[PDB]
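Read the single chain below, which is given as structure tokens and is the form deposited without its partner chain.
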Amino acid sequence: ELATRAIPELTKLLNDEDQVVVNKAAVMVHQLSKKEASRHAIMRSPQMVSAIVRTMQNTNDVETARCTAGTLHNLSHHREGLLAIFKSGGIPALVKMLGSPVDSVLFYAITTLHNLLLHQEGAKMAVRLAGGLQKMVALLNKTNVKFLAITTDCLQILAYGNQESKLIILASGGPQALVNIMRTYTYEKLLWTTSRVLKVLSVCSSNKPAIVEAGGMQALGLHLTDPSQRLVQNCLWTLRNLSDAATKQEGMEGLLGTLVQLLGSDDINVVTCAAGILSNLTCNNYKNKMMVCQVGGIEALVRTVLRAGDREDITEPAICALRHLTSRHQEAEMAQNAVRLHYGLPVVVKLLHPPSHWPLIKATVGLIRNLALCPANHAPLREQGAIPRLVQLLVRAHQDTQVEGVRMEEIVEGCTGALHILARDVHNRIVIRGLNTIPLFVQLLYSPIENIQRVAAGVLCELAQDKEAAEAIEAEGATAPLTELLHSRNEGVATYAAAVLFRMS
């Protein structure tokens, strides 16, 4: 029954030229698609599915386009129904129906397309080939937030792991429409789904500026306080991707204050993302360095390093953020003293101990060099044991140059630079001399890198004001390279080289 006559007869009536006959059949086909017994017999007839697909495109009766689209939506709830729609050219037809002025037809099309993208393989290639990405981006102007949540998930399925789909979304004005969704609506499922689309569009370097200049950084920061954990997480991931390519963007004030307060979260992954974003945003941006220090960023970052312990995924961006804040802005002296006043020097020196790796050690040394600029930190850094390790790391980096993505010359330049600034204190120079560092500093004068020559002669100039020290430097044969460095074009090298030669007599 049915398959023997009713469906062949209904297929024959569904493609009749009499529009009234087509509309009468389409209503019966829609009713048969609402029960498992008859609905199975529809998807097992590719002749019927073809008639439903063609009628949906060509008809001008709204009730018929609603019945045919509503039919196709009913077959899309299971496996063999999705395959029958796929093989009957249903995907290019459903893409065409996305431009329908009828809401019932538009909703039936986007839900059937979403079911196909979720469970039918080969549907991603078919939706892209039929121009589905363009039609979906243009539909982001609609106001139905339930419809917007489905439309954005289709874009996420199409764009994930596909450069063509990402480029089409960006070329059609995608970022502006997505940022406006985060900026306007409060529906959690729409905001969450849209953030997953902005996350995929932010993993490439050349695709990030579109989201940034449209105000995406501020729009994503709006929902960092929302109770949805998956929404906050996707916002923090997208902000961390966009952050390194948006260190010049104006108006990051309100976002920085929220990121500082997220450092007090109980979610360790939230603190990790917030520390990484603050590290990128504070890089070479004196305004971002200012606002972070004005909201208590030093205490929150020092507290974050303590909480992390040996978790280098948290200490490294937090130490890097502290290195940025302690240099090159009005409140640099304030940040340097604040690290001491909030008990950061012990854990900062402790991070030079094992089991820290080289990327964390490199960032920790640069921060100590910045903290050594403050004279009130000379004694506490000495009493915490910073000098013996700064020398021991310097010796290790000299053996592998005379790793883990860290050039061992940056360790040599950084460690000697901290000792060069620490040597401004009289008691520090006694400790630096007592570890047989003068022979090592003399051999650094032969280094081909100017910044290493400048800091080696700098720490030798500071140690040379001790009379017995100037002779040990002369005894190690430093007069020959120093006289060479006198003719250096770098004024910093020639200045310190003349200073040592002058103090050796």
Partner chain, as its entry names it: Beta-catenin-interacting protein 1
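We call the rigid core whatever largest set of C-alpha positions still superposes within 1.5 Å between the two forms. Positions refer to the first chain, counted from 1.
This next part talks about the form solved in complex with its partner chain, which is not shown.
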field: Region of this chain that lies against its partner chain in the bound PDB entry, out of 462-470, 52-60, 476-484, 437-445 [heavy atom, 4.5 Å]
entry: 462-470
message: Although the partner isn't part of this model, could you tell me whether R307 comes within 4.5 Å of its partner chain in the bound PDB entry, counting any heavy atom of the residue?
response: no
query: If you check in the bound PDB entry, is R424 within 4.5 Å of its partner chain, heavy atoms only?
result: yes
- prompt: Heavy atom to heavy atom, is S488 within 4.5 Å of its partner chain in the bound PDB entry?
  reply: no
- prompt: Which residues from 480-499 come close to its partner chain in the bound PDB entry, meaning a heavy atom within 4.5 Å?
  reply: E491, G492, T495, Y496, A498, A499
query: Using the core for the fit, does the CA position of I452 change by 2 Å or more between this form and the one not shown?
result: no
message: Superposing on the rigid core, is the Cα displacement of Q57 between this form and the one not shown 2 Å or more?
response: no
task: For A69, state whether the C-alpha moves by 2 Å or more between this form and the one not shown after rigid core superposition.
output: no
